[PDB]
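Report on one structure; see the data block that follows.
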Amino acid sequence: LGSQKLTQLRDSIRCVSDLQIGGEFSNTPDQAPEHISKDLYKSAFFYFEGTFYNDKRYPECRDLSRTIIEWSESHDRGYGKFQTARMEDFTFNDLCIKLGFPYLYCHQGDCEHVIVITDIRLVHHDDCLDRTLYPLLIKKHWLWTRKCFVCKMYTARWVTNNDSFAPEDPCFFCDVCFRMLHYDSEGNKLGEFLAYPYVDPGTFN
DNA sequence: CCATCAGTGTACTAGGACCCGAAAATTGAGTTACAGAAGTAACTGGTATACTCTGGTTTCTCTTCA
Ligand SMILES: [Zn+2]
Ligand SMILES: [Zn+2]
């Protein structure tokens with residue numbers, strides 16, 4: 001919605017990089033899940049025609065654009081004259097952009113999404129008229145879902161690297177086939193591996 | 001009747017070559033130096049496969065002693 005703050009769209013973009021759980025759970029897979037990456041790395045920024053609207057709303061937020069502006073303040077790199085902003089003092093109605101031109105939305109460190117303002121139109125009477133739901137999803141992609149590599153009946157909850165049982169190197173397992181292949185009777189890892197929790201992108205996105 | 005179990009009708013991948021254009025880089029001529037290395041362009045021996053009388057040979061009647 002025009003005249004609707006930025007960070008009203010940043011908080012709406014469903015990306016699975018917000019739901020990834022950190023750390024490795026090989027020794028014991030019953031650990032209290034570390035906070036999803038939505039909570040740990042709260043920083044993000046839009047880039048709209050030479051101005052990094054940074055999400056400095058929270059204290060855990062740090063300037064992701066500082067890296068780029070420093071990297072460009074060095075040796076000339078094509079780019080030049082980068083700006084900054086705060087993304088809570090801005091609405092889409094205050095923004096000076098091109099249509100159909102790719103801009104940036106970086107979040108979770110370097111999960112980059114290419115933003116394209118396809119068109120701008122005055123609101124009609126036959127579309128949604130609310131605001132409580134308006135940065136709303138017109139279309140999404142319906143990605144594929146990874147499955148457990150042992151039995152192809154359930155989706156992958158775990159991804160293991162350097163597994164001394166897996167044929168493939170990154171091997172995805174459901175919970176059942178993971179518990180059954182790597183753990184003797186009480187949680188002592190059998191063999192060697194690095195198991196991480198796997199958020200299926202084709203499910204939470 | 002609620003279990004199960006191929007097919008199906010598709011956008012969504014997965015390899016798998018392959019192409020289209022752009023931008024950067026080179027090539028090319030022009031000069032004038034510089035030293036040295038390629039790069040043909042030229043006359044001038046040197047030793048073998050035919051080769052041409054020729055020196056010897058060979059019966060074959062004869063020459064010359066004996
Ligand atoms: Zn993302
Ligand atoms: Zn499984």
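Starting from 1 in every chain, residues are counted up; chains themselves are A, B, ... following the order of the structure tokens, and ligands are numbered from 1 as listed.
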Counting only C-alpha atoms (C1' of nucleotides), chain A residues within 10 Å of chain B, as number ranges by chain:
A: 141-144
Where does DSSP see strand (DSSP E) in region 46-83 of chain A, if you list the residues as a ChimeraX atom specification?
/A:46-47,52-54
How would you write, as JSON, numbers by chain, the set of residues no farther than 8 Å from ligand 2 when counting only C-alpha atoms (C1' of nucleotides) and all ligand atoms?
{"A": [147, 148, 149, 150, 151, 152, 153, 154, 155, 156, 173, 174, 175, 176, 177, 178]}
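Considering only C-alpha atoms (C1' of nucleotides) and all ligand atoms, the residues that reside within 8 Å of ligand 1 can be listed as residues 13, 14, 15, 16, 17, 18, 106, 107, 108, 111, 112 and 113 of chain A.
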How would the residues just chosen look if you wrote them out with N, CA and C atoms as a PDB file, in the first residue's frame?
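Saved result, result_31.pdb, follows:
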ATOM      1  N   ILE A  13       7.570  -9.847   4.153  1.00  0.00           N
ATOM      2  CA  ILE A  13       8.172 -10.720   3.156  1.00  0.00           C
ATOM      3  C   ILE A  13       8.497 -12.060   3.796  1.00  0.00           C
ATOM      4  N   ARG A  14       7.841 -13.115   3.325  1.00  0.00           N
ATOM      5  CA  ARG A  14       8.076 -14.453   3.848  1.00  0.00           C
ATOM      6  C   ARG A  14       9.276 -15.066   3.149  1.00  0.00           C
ATOM      7  N   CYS A  15      10.392 -15.147   3.860  1.00  0.00           N
ATOM      8  CA  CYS A  15      11.590 -15.805   3.369  1.00  0.00           C
ATOM      9  C   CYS A  15      11.993 -16.850   4.390  1.00  0.00           C
ATOM     10  N   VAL A  16      12.460 -18.003   3.912  1.00  0.00           N
ATOM     11  CA  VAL A  16      12.796 -19.071   4.839  1.00  0.00           C
ATOM     12  C   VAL A  16      14.092 -18.779   5.573  1.00  0.00           C
ATOM     13  N   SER A  17      14.881 -17.812   5.108  1.00  0.00           N
ATOM     14  CA  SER A  17      16.079 -17.437   5.842  1.00  0.00           C
ATOM     15  C   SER A  17      15.756 -16.808   7.184  1.00  0.00           C
ATOM     16  N   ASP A  18      14.488 -16.507   7.446  1.00  0.00           N
ATOM     17  CA  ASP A  18      14.086 -16.019   8.753  1.00  0.00           C
ATOM     18  C   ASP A  18      13.795 -17.141   9.729  1.00  0.00           C
ATOM     19  N   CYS A 106      17.970  -6.751   1.283  1.00  0.00           N
ATOM     20  CA  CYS A 106      18.906  -7.671   1.906  1.00  0.00           C
ATOM     21  C   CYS A 106      18.507  -7.891   3.353  1.00  0.00           C
ATOM     22  N   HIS A 107      18.488  -9.148   3.773  1.00  0.00           N
ATOM     23  CA  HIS A 107      18.117  -9.468   5.141  1.00  0.00           C
ATOM     24  C   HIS A 107      18.807 -10.763   5.529  1.00  0.00           C
ATOM     25  N   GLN A 108      18.913 -10.985   6.836  1.00  0.00           N
ATOM     26  CA  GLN A 108      19.590 -12.159   7.379  1.00  0.00           C
ATOM     27  C   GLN A 108      21.029 -12.233   6.882  1.00  0.00           C
ATOM     28  N   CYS A 111      20.899 -12.725   2.601  1.00  0.00           N
ATOM     29  CA  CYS A 111      19.778 -13.235   1.827  1.00  0.00           C
ATOM     30  C   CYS A 111      19.231 -12.048   1.059  1.00  0.00           C
ATOM     31  N   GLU A 112      19.523 -12.005  -0.233  1.00  0.00           N
ATOM     32  CA  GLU A 112      19.172 -10.879  -1.080  1.00  0.00           C
ATOM     33  C   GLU A 112      17.965 -11.242  -1.925  1.00  0.00           C
ATOM     34  N   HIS A 113      16.985 -10.349  -1.958  1.00  0.00           N
ATOM     35  CA  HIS A 113      15.804 -10.474  -2.794  1.00  0.00           C
ATOM     36  C   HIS A 113      15.790  -9.289  -3.740  1.00  0.00           C
TER      37      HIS A 113
END
May I have the residues within 12 Å of residue 97 (chain A) as a VMD selection string, using only C-alpha atoms (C1' of nucleotides) and disregarding those fewer than 4 positions away in the same chain?
chain A and resid 46 to 51 92 to 93 101 to 104 115 to 120
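CA of residue 6 (chain A) to CA of residue 52 (chain A) spans 11.9 Å [interatomic distance, one decimal].
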Would you mind reading off the distance between CA of residue 7 (chain A) and CA of residue 95 (chain A), one decimal, in Å?
13.5 Å
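Backbone DSSP of region 3-137 of chain A yields helix (DSSP H, G or I) at residues 16, 17, 18, 37, 38, 39, 40, 65, 66, 67, 68, 69, 70, 71, 72, 73, 92, 93 and 94 of chain A.
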If you count only C-alpha atoms (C1' of nucleotides), which residues fall within 10 Å of residue 190 (chain A), apart from same-chain ones fewer than 2 positions away, as a PyMOL selection string?
chain A and resi 26-27+163-165+181-185+187-188+192-193
Taking into account only C-alpha atoms, which residue in the set A:39, A:19, A:54, A:203 is nearest to residue 88 (chain A)?
A:54
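What separates CA of residue 55 (chain A) from CA of residue 5 (chain A) is a distance of 11.5 Å.
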